[PDB]
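Here's a solo chain for you in structure tokens, the form deposited in one PDB entry.
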């Protein structure tokens, strides 16, 4: 039963002791003696070693070594030796350190991604960015859904498209560009525009729908109603001008749905104002939303960490430093998924 120090752990001289690890799992250990001991025991696991083989080379008392071993193990700084049983030349090897760092076997996450099927409903700015992440991360099957054609104004956010692509179907060029990046996956396209609730029946079953299409105004309400009735997982992502939005991620029976937590003259005026609405699109906002959405899809399917947007619609601001989550937990009294 070998263990090996993760390649993603770093330690630093800091404060009265030091830091162990990098990122979300970073620990500040205030006691210098303990921290120095943690370093000494980590060093013993640089090569793949059983507990007792590493202990043999440690110059500290067994009880101190044992405590440090446990610390390292619980945070996945040391990982089973087999979790490093893949070639450095594997195209997905960088994601592997990421999987390892959450205590998962990267070969098993990869196999889950390989066998998954994802629907990209909406192939604009969000769909462009989500689809390449999912494609190059090894999701086995991607189905691109969109009826629109590429324009010159798309080139701002829609990173797969070029000047030369103007006039072609979006789904056509994305497929071309996805397969140029990862030819070991399968990519299909459906030419569909969702005019009515009934149109959603032409969208295929999948592990998850990535929904970024936002026309008409109640498209999401149709998608949610449909997915509740079809028992189909979906995630929403987009933006409200300068705020990046992703979530909720809907899982049948395991999470709340979109609807759970929800003068004629002026009424005419509101409607006209809203009819003329066009979002202040901004690539960085689009990209943040799409990045975090894809992370939640990879985690939903990989199963190695909890998706952020379970039971939540998450907003990330671009002009102030702010995240806010909006409660979208299950309501027993919901008219869509309820009693």
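Numbering follows the first chain given and starts at 1. Just so we're on the same page, rigid core means the largest C-alpha set that superposes within 1.5 Å between forms.
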Farther-lying stretch by C-alpha RMS in 5 other deposited structures of this protein (rigid core fit) among 75-83, 169-177 = 75-83
key: Segment of greater CA departure in 5 other deposited structures of this protein, 320-328 or 18-26, core superposed   = 18-26
task = Please confirm whether residue 189, modelled here, goes without coordinates in at least one third of the other compared entries that cover both its neighbours.
result = no
task = Would you please confirm whether residue 89 lacks atomic coordinates in a third or more of the other entries that were compared?
result = yes
query = None, 1 to 3, 4 to 9, or 10 or more: how many residues of the deposited sequence lack coordinates between residue 262 and residue 263?
reply = 4 to 9
message = Tell me which stretch, 106-114 or 192-200, has the higher mean Cα B-factor listed in the entry.
response = 192-200
query = Is the mean CA B factor in the deposited entry higher across 246-254 or across 82-90?
reply = 82-90
inquiry  = For the CA B factor values reported in this entry, which option in 237, 227, 119, 213 has the top one?
reply    = 213
inquiry  = Among the choices 169, 100, 232, 241, identify the one whose CA B-factor in the record is greatest.
reply    = 169
query = Mind checking which third residue 28 falls in for C-alpha B-factor across the chain?
reply = highest
query = Would the CA B-factor of residue 182 place it in the lowest, middle or highest third of its chain?
reply = middle
key: Entry-reported Cα temperature factor of residue 143, expressed as the chain third it lands in   = middle
query = Of the three thirds of its chain by CA temperature factor, lowest, middle or highest, which one includes residue 130?
reply = lowest
query = Going by the entry, which third of its chain does the Cα temperature factor of residue 206 land in?
reply = middle
